[PDB]
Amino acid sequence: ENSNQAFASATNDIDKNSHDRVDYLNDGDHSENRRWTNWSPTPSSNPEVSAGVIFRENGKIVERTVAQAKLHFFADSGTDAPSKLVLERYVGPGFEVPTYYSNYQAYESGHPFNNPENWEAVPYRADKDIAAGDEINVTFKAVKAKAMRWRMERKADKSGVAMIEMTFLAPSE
């Protein structure tokens, strides 16, 4: 499509039996049955997974100013909200949307998204506990970026992170 593009370091969308999709992160829909997850039957010992949005309009990547975010997590037997949550803004070189935008780590490791030095932490405040259920609202000092992400860690007793929606928004006003 020609609008914002959701992306993730990893996604459970490889197995033909899976219905998880990274594109469900920014579709406006809050159905529990349309989620992104990085669930695996054999999870990595590194609990980290990142998911984010590349800002686009009329098919071209654009810079936006953002100061607010929304997060909607999901949980079930395998997945949950994360134990740790870092907001980051892209500060790397110019880029295009990854071909493997749901699995850049495994399938497009040369993409600049895969280099941690291309992401800068953004301090933030959330309105409630980081848990599955209600939408969580987040504020931060306004930054300019072409892409934002959340660098997350799964819980130790879970096999992945699950999300129903992720949004970034312009400052108040």
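In case it trips you up, residue 1 is the first one in the sequence shown, and so on.
When 111 to 119 is weighed against 35 to 43, 35 to 43 comes out higher, by mean CA B-factor as recorded in the entry. As recorded in the PDB entry, 155 to 163 is the stretch of 5 to 13 and 155 to 163 with the greater mean C-alpha temperature factor.
Taking only the listed residues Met148, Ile61, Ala69, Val49, the entry reports the highest CA temperature factor at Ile61. Per-chain ranking of the deposited C-alpha B factor places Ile54 in the lowest third. When the CA B factors of the chain's modelled residues are split into thirds, the value for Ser77 lands in the highest one.
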